[PDB]
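Novice: To start, I am sharing the structure in question, which I have written as structure tokens.
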Ligand SMILES: Cn1c(=O)cc(CP(=O)(O)O)c2cc(F)c(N3CCCC3)cc21
Ligand SMILES: Cn1c(=O)cc(CP(=O)(O)O)c2cc(F)c(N3CCCC3)cc21
Ligand SMILES: [Zn+2]
Ligand SMILES: [Zn+2]
């Protein structure tokens, strides 16, 4: 059961949680999926990650208007790469309050990304400071340490068994840690395990580029990353 709306795919994961999927052609790879989330929280909708492009991100917003018809209160992005932050201007055009790791906002301009309007900071134990993430409701935001990038953050949805590590986590069948261009190979394994320890009851781990996996995706990722220390 996958709903198509223009060039995007939406899959219901839980009564109030959908996965959004957008595609971009990468040389040597064909069509590449990127996933984020849509969370209904009573009278509003929360978005995790843009699509690869502004136009794709506008089609997420049109799907929400058509199928949910509740306002989008806020969007949070998980790191400053095109797949997760490439649609930032589409959210600003729609009057949506946008949030990212302070470091994501620092890195976005050089990456040709638009920074979010708001900078998240994190407590010593990795949990977001609520003063920087006001009104996040069931979105629990966690900085596990550097991994895929120095800025990568993760989210869990309270009231569900769902967590999302973005590009930090690979699926359980992966043969690679993927993009090591911006990665911290020394801390990667510990950051993967920190994410699993932050959401220990999550049984559905949403993947960045493939279908949802089990906690075996977290374990598999940490074991591959163990080999680089
Ligand atoms: C080979 N490969 C993957 O398998 C998975 C991914 C996705 P992720 O695991 O990093 O999230 C990937 C990303 C890249 F940027 C990438 N390069 C970028 C320059 C050319 C190769 C390769 C990747
Ligand atoms: C080639 N390439 C990129 O340049 C950037 C990205 C974005 P990021 O993942 O670094 O944030 C990327 C993601 C993929 F999943 C990907 N594939 C997934 C399996 C095959 C190739 C390639 C990518
Ligand atoms: Zn990335
Ligand atoms: Zn990725």
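Numbering, chain A: per Swiss-Prot, residues 42-270 in sequence.
Determined by X-ray crystallography, 1.8 Å, according to the entry header.
Placed from the backbone N, Cα and C atoms, the Cβ positions cover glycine too.
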Novice: For the Zn(2+) 1 site that Swiss-Prot assigns to 120, 122, which of 189, 228, 250, 261 is also named?
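Specialist: So, going by the record in Swiss-Prot, that would be 189.
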Novice: Given that Swiss-Prot lists 208, 250 as binding Zn(2+) 2, which residue among 95, 96, 124, 130 does it place in the same site?
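Specialist: Answer, per Swiss-Prot (Zn(2+) 2 site with 208, 250), from 95, 96, 124, 130: 124.
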Novice: From 124, 211, 220, which binding-site residues have a C-beta atom under 6 Å away from some atom of ligand 2?
Specialist: 124, 220
Novice: Once 124, 208, 250 are set aside, which residues in the chain still have Cβ within 8 Å of the Cβ centroid of the Zn(2+) 2 site?
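Specialist: So the additional residues around the site are 73, 75, 76, 122, 125, 207, 219, 249.
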Novice: Pop the Cα-Cα gap between residue 189 (Zn(2+) 1 binding site) and residue 220 (substrate binding site) into the table, whole Å please.
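Specialist: Cα of residue 220 (substrate binding site) to Cα of residue 189 (Zn(2+) 1 binding site) measures 7 Å after rounding.
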